[PDB]
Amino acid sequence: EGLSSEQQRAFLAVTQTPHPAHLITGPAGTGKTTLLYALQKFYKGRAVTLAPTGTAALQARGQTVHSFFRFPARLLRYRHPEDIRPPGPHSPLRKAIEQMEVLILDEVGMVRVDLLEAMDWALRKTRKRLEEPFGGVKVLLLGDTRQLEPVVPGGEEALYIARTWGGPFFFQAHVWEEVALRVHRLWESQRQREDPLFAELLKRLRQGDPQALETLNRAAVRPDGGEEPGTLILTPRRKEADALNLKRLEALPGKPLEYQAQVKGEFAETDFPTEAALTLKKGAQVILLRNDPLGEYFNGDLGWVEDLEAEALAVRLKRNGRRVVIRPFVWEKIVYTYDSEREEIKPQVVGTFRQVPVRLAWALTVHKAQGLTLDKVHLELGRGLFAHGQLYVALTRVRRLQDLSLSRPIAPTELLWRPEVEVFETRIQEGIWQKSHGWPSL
């Protein structure tokens, strides 16, 4: 709404120059995604906008990076033809990639390094340009490395990522050795514009200030905050969001219908994208987990269950006001094991999980909230924070201090920091990100 003076000056810095790699970053709520809209309508069809999560893709009026490139939901081994499959000779995506001019990538901080490198390789190989990063496509990335770090399941996946790239962050990709990333910073908060004192407290919390932390507990710790009408609960873990959605569900007058999931092979309960014994009444707030094969709904689309029958569920979407019918999807559990004949790690399906792609959305994980502006939010701390950027994203969703509430006081012992982000954030004050070597692997 309205480009600010620092927004419009980034707009011209990024549009009227031939340099093909730009990053627009800044604290939460500075208007990065709103500047994306202004860029969306200049390039306006010459640009493909994408984001790593469904929620962030809907906020940016685009698609998930996986959905567009048709990437699988597993480790994308470096330029591996098993994972980065090239599109068909007469495919819609081939023309899409071949005529593409600009690619806008929002919430780039949550983009794991293998995902970014897969995009590079996908664009290079299909566009006939092995010598130019992203095949010659002007890439305009927007995000914040102080917000949620990428999801790296410990074990073989994390070891492959460390050995191949040194770390998981998008800025640790090797493509940045081939092209310098011009950095443009937005400072003035537009989400909390009319509450400057709250915005300043969030700035100090971004710099790990301990006295800002103790002030925050003094002002925003109210355990009853989850009960206030129309406020969303955020939570670090999925199972903590279920236990809290539980009570607002059994406070609705509708008849219960339980959708039961079928699991085959080895698929642990800890890996469930939603609950195997999932109950819903009508009028319940829900979020969708998978994109519609025919594009009537998407991953991260919010809505209200509208009528529910044995295996066919229909929900009124909040995005567009249309009633969509949700038939159950299948999830696969993937395990990576070293193959000694071909001398590489290979992914293996070991179990499956089919269930309706929905979970109640009175309480959500912080990951599904990143990108949104919320009216009010209550953060249920649960068993604690585990991800770099988790606390910050939760606290930055609202416009006003009064709109924020906490489950319990947070201590300085649970602040998390990543040395790689500190190296990145320090270097890009100079204005660009150009790497000479790769990152070391430990």
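So that there is no doubt, residue numbering starts at 1 and follows the sequence shown.
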query	finding
Higher-scoring stretch by recorded Cα B factor average, 273-281 or 102-110	273-281
Mean C-alpha temperature factor, higher of 71-79 and 301-309	301-309
Among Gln402, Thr53, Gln390, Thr33 - the residue whose C-alpha B-factor is largest in the record	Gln402
Identity of residue with top Cα B-factor, from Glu343, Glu132, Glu117, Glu177	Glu343
Record-listed C-alpha B factor of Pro18: chain third	highest
Third of the chain's Cα B-factor distribution that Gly382 belongs to, per the entry	middle
Ranked C-alpha temperature factor of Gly230 among modelled chain residues, by third	highest
Ranked C-alpha temperature factor of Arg204 among modelled chain residues, by third	middle
Third of chain Cα B-factors occupied by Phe198	lowest
